[PDB]
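Since every read-out is calculated from the coordinates, none of them should be taken as a lab result. Note: ideal-geometry Cβ built from the backbone for every residue, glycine included; neighbour counts use all protein chains shown.
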Amino acid sequence: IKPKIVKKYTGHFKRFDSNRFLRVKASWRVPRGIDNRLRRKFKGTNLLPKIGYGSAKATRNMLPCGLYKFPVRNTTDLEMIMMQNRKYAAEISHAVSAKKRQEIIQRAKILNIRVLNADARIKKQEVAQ
Amino acid sequence: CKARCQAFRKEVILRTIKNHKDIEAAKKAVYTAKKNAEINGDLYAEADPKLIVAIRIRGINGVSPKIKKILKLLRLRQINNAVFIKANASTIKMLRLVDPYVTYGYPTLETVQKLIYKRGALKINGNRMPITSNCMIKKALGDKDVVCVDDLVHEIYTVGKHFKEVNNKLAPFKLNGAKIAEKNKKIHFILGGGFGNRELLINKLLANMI
Amino acid sequence: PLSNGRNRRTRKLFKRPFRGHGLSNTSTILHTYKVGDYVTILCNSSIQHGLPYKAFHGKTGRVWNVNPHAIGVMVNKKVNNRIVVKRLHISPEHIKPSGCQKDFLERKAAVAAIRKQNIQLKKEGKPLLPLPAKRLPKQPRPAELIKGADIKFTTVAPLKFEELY
Amino acid sequence: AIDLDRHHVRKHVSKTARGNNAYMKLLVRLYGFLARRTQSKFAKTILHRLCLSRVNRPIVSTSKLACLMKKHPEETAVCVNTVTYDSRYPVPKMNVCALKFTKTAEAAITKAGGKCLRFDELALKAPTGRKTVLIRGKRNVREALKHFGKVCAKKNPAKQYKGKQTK
Amino acid sequence: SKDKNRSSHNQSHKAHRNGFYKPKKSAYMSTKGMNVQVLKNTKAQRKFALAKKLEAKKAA
RNA sequence: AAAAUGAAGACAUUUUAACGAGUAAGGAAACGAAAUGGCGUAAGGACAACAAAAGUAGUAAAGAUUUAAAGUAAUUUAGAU
RNA sequence: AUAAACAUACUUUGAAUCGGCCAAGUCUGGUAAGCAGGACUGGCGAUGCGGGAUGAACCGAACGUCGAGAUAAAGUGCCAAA
RNA sequence: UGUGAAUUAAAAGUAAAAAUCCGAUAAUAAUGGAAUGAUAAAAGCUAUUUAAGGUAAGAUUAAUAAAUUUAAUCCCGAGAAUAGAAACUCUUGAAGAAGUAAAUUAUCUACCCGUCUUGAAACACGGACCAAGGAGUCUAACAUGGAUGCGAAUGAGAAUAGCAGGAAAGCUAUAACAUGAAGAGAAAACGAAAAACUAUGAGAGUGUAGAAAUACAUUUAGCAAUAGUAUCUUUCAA
């Protein structure tokens with residue numbers, strides 16, 4: 001069972017004039033200029049973030065697989081989402097070593113918890129093995 | 001337990017027979033008088049209408065301060081909103097003042113029925129709830145001796161004793177769009193325009209708007 | 001651009017009524033004013049002593065105090081975005097009894113007369129009369145039948161234009 | 001659009017105990033439940049007064065409790081505020097329910113034979129309010145209220161915040 | 001650099017936002033500057049009624 | 001906004017109704033039915049494998065370059081080098 | 001008569017602002033002015049959208065993100081939907 | 001001699017067929033769809049019973065009639081009681097479905113940002129490009145306001161004196177004083193109760209009723225606040 005996750009706008013809200021100057025990054029900033037084309041909602045350039053774009057509360061922050069995210073740093077972190085394995089999914093942190101990742105992956109299979117980094121930091125077993 | 005529902009059901013039936021008797025009997029008396037006046041060679045002057053239905057035609061931008069206040073006292077606060085208005089010297093003058101912004105006329109019984117049955121709603125606890133049962137009408141207007149939607153219709157159409165209390169509970173109707181005029185809504189209906197008193201022709205406009 | 005004098009712009013406001021110059025009535029100084037009465041301030045330019053300010057002309061006020069030669073009057077004045085209470089003392093030469101409640105005082109007497117008979121009717125056991133109906137705006141006229149024997153017909157059509165010269 | 005008189009803004013009534021005091025929050029829950037279920041105007045009054053700020057919850061002294069309770073012998077004063085002690089005058093015997101009792105005020109009520117209840121004990125004994133006398137303190141006795149307004153006024157002058165060379 | 005001198009434009013709209021504040025009832029009940037003898041008569045009766053009331057309160 | 005429920009769920013509770021443009025300007029923190037909600041930089045005090053070895057780290061930290069995902073957005077998360 | 005309980009009455013503290021401009025079944029100076037100055041209202045400023053080819057003010061109508069339907073001003077030989 | 005607007009006689013005609021025009025209207029319905037959904041039982045619908053009803057118009061006949069006039073007996077019959085039934089198909093997808101991203105093309109759409117200005121895309125000024133730095137901060141006095149402690153008191157981390165621990169941290173110090181408890185007057189000189197009154201107002205009961213909530217009548221209470229008062233202190237003057 002998994003609901004239909006509907007996104008109202010799948011594009012990116014890019015900062016105005018970010019495509020013309022390299023000093024203006026693409027992270028959004030509301031234009032406060034008194035003569036700004038975008039902030040006056042001219043035809044053609046009237047795309048600003050609003051609360052109306054917010055996705056449905058039921059299907060918010062939900063990964064495409066149908067579950068949520070729950071970062072783990074060791075095996076004991078998995079024990080917090082073993083009652084909710086139909087709701088959460090383990091996501092090993094980026095700094096966790098390869099030796100510790102095997103223990104988490106091995107235990108999470110025991111507890112029937114999905115891991116979203118199941119093929120992360122794997123050894124060189126890709127050629128000649 | 002719920003043996004009162006049958007008791008409630010029959011009472012609504014009894015009132016409905018009474019309500020329809022009053023409307024039919026009054027309509028019959030007009031025909032008989034007209035028939036007898038023709039036989040005797042007399043002249044019969046039909047009674048002036050008592051009920052008026054007004055619709056807001058123009059938007060909210062660029063309205064004089066005195067016209068703005070009147071449209072708020074008639075609850076015509078939005079374009080394409082219909083309300084019922086008691087006809088007297090006081091209200092007729094007010095409608096003339098706001099003539100460019102409203103169109104009005106005299107509704108038939110079928111117009112009142114369809115408006116209440118389809119677009120009807122009541123203001124209960126500050127909430128605009130659409131009419132879904134007679135129990136919600138009994139709670140709203142129990143002390144005004146209105147217990148069923150038919151009783152609501154009859155009191156509006158005949159303009160009874162408790163019209164003001166009943167009318168003030170009904171929220172202003174929200175109608176769809178329709179072809180307002182022949183030329184445009186910048187002239188009076190007499191000049192082929194859109195606003196002003198349409199007399200009995202408001203029913204045709206309401207038919208496409210309900 | 002006018003000057004800020006006390007009695008500016010009073011060529012017509014302070015003029016006496018046509019053929020109404022000279023002394024006033026004797027009723028003006030003989031009328032008895034009691035507290036709570038309604039009066040109208042009407043500046044009499046014939047009497048320049050104690051002349052009320054020209055902004056109060058025609059205003060209706062209420063008597064709030066009776067002094068040996070002057071009658072206290074309380075009117076309402078409009079200020080920037082509020083209303084203030086103005087308390088003046090005016091000799092009877094500049095005020096006038098107001099008829100603002102004349103119609104209301106007629107309904108009060110009609111009801112009181114009816115209520116006086118009801119205590120008689122209830123005392124004797126007879127059913128009691130009802131109070132007079134409330135005022136209503138001119139209502140839609142009912143259905144009327146016009147007899148066909150005392151009726152004449154006048155035909156109405158647009159009139160042929162005729163030169164006025 | 002729609003032509004309204006005004007747009008909906010937050011209503012300026014508090015509906016919870018201000019601050020993080022755990023006990024005052026518990027009292028609001030206790031009387032929010034009582035007002036909702038019993039549907040009594042008394043519990044609505046206590047719930048409304050518990051949510052006023054400190055400045056709006058003025059103190060009542062034992063002198064005012066003594067006078068207001070003179071003709072109410074078997075009664076319980078209910079004041080949603082601190083109760084201070086008026087050392088100038090004697091304290092009779094009375095049962096008082098209040099948010100706080102001053103050390104000197106509580107000992108004066110207790111010694112005279114009275115009882116200093118809190119607002120949970122009152123809800124246990126008179127939940128809907130049956131032998132209660134609602135009491136609130138004066139608000140206009142604050143020294144701030146003197147200085148409000150224009151001191152140049154002809155009718156009710158203010159009180160002239162003192163400063164440089166205030167003769 | 002001449003400027004516009006004065007305008008009443010937008011002054012009635014401003015005045016009706018928080019509209020004309022009517023005075024309260026206590027504004028019409030002031031008695032400062034009333035008749036001197038009427039004030040003397042009223043004070044004489046009030047002192048007579050108050051003294052009688054307090055004498056009765058003293059008896060009980 | 002109003003009803004209902006309420007020691008802990010969880011999505012800052014459930015239901016119903018109305019509402020949602022905007023320069024200058026205002027809405028500090030906290031306030032269970034919360035008197036606007038949040039993101040980011042650095043430093044200080046605590047918390048971080050509850051059975052006596054208790055957050056991550058030479059089985060690869062921070063940083064950098066990119067590929068994808070979450071969020072209306074501020075930004076966050078993870079893979080590869 | 002009609003409307004009005006998120007009504008009504010406010011209290012305290014404080015921000016910004018007082019260069020304004022436009023229209024008209026209005027007026028004064030001027031030969032007149034996209035000139036100068038006023039009375040009442042509505043706007044622009046602070047405002048995008050559909051129409052007038054284009055336009056700060058004109059006409060319709062004022063804006064959370066969208067799907068479908070009747071509409072407004074105004075259009076229906078082609079550009080251009082009819 | 002022919003046509004003929006109009007009118008007139010007789011036959012037919014109870015004056016509801018069909019078509020067109022003219023008026024009148026638009027909604028009940030039937031059949032096809034479209035957008036967003038739902039899938040299960042019904043205040044569904046159907047069958048059997050008795051019978052409120054059918055106000056031109058459910059039918060027919062009678063008396064007569066410019067009648068939404070009056071009767072008669074037939075039909076149908078709402079409420080209610082008793083029995084009734086919905087569980088499906090086909091296509092495509094790890095030989096890559098649905099979605100998403102990037103690049104290109106096509107239709108529609110898009111004037112340079114910041115700024116002073118009534119008004120700038122402006123033939124108005126600053127701006128070639130990138131990285132890093134970059135501008136409401138601290139000290140002191142006052143006021144309002146939200147949380148806090150204590151309360152006719154509050155503070156006494158005023159200096160300063162001691163304690164353990166070694167400590168710029170922590171704790172303890174019947175304490176000068178600061179603000180306040182009393183106010184007016186330039187000053188000398190003074191220094192507050194009729195143990196108050198009136199009005200409206202917060203709360204609590206009891207009864208009746210609708211009947212679900214809730215509404216009426218009656219007894220009591222008089223807080224906050226606003227206004228007005230009697231009285232009292234000081235001042236030439238409240």
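Some notes on this structure:
- Folded to 0 to 90 degrees: helix C:102-124 orientation relative to chain C principal axis, Cα: 60
- Entries in C:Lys108/E:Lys53; B:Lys50/B:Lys114; B:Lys69/B:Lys204; D:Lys11/E:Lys22; D:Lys150/E:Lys43; D:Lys115/E:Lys58 that, when Cα-Cα distance is taken, lie over 26 Å: C:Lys108/E:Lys53; B:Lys69/B:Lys204; D:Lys150/E:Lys43; D:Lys115/E:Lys58
- Evaluated at q = 0.11, 0.26 Å⁻¹: base-10 log I(q)/I(0), Debye formula over Cα of the range B:27-96: -0.45, -1.16
- Distance from the C-alpha centroid of the range D:120-148 to that of the range D:18-34: 17 Å, rounded to the whole angstrom.
- With Cα atoms, 0 to 90° folded angle of helix A:98-110 axis to chain A main axis: 80
- Angle between chain E longest axis and helix E:36-59 axis [Cα atoms, degrees, rounded to 10]: 50
- Trypsin sites (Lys or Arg not before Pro) lying in DSSP loop within the range A:44-126, provided at most 14 other Cβ fall within 10 Å: A:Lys50, A:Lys57, A:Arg60, A:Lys69, A:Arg73, A:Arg86, A:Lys87, A:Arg121, A:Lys123, A:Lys124
- Counting every pair of alpha carbons in the range B:38-140, the share spaced more than 19 Å apart comes to 56 percent.
- Rounded to the nearest 20 debye, the dipole size of chain A about its Cα centre is 780 debye, using +1 on the Cβ of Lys and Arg and -1 on the Cβ of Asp and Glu.
- Relative contact order computed over chain C (Cα-Cα under 8 Å; 6+ residues apart), in percent: 16
- Chain B: most fluctuating residue of B:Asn19, B:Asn81, B:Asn61 per GNM, C-alpha cutoff 10 Å: B:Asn61
- Prolate/oblate/rounded call for chain B, Cα gyration tensor, a/c under 1.5 rounded: oblate
- Loop-resident trypsin sites (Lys or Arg not before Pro) (DSSP state other than H, G, I, E or B) in the range C:80-165 with no more than 10 further Cβ atoms inside 10 Å of their Cβ: C:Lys134, C:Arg135, C:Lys138, C:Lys152, C:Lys160.
- Length-normalised contact order of the range A:7-124 in % [C-alpha pairs under 8 Å, at least 6 apart]: 16
- Anisotropy class assigned to chain C is oblate, per the alpha carbon gyration tensor with a/c at or over the 1.5 cut-off and a/b no larger than b/c.
- Shape call, the protein assembly as shown: gyration tensor on alpha carbons, a/c limit 1.5: oblate
- Assigned charges on the beta-carbon of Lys, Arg, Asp, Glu; chain E dipole about Cα centre (debye): 160
- Kyte-Doolittle at least 0.0, axis length at least 30 Å by Cα - qualifying DSSP helices, chain B: none
- All other residues whose Cβ lies under 13 angstrom from that of D:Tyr161 are scored, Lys and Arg at +1 and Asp and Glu at -1, for a net of +4.
- Per-residue ellipticity at 222 nm from helix content only, as computed over chain C with -39500 (n - 2.57) for each DSSP H run of at least four residues, stands at -5000 deg cm²/dmol.
- For chain D, a Gaussian network of Cα nodes joined below 10 Å ranks D:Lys44, D:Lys155, D:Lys70 by mean-square fluctuation, and the top entry is D:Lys155.
- Centre separation in Å (Cα based) which lies between the range D:64-112 and the range D:44-62: 16
- Of A:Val115, A:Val24, A:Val72, the one that fluctuates the most in a GNM where chain A has Cα springs shorter than 10 Å: A:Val24
- Looking at the range C:57-165, the GluC sites (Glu not before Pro) that sit in a DSSP loop and have at most 13 other Cβ atoms within 10 Å of their own Cβ are C:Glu162, C:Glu163.
- Mean Cα-pair separation over length for chain D, i.e. relative contact order, pairs under 8 Å, 6 or more apart, %: 18
- Partner shielding of E:13-23 amounts to 3, given as the average count of beta-carbon atoms from other chains within 10 Å of each residue beta-carbon.
- Span from the the range C:86-104 Cα centroid across to the the range A:34-56 one, whole angstrom: 63
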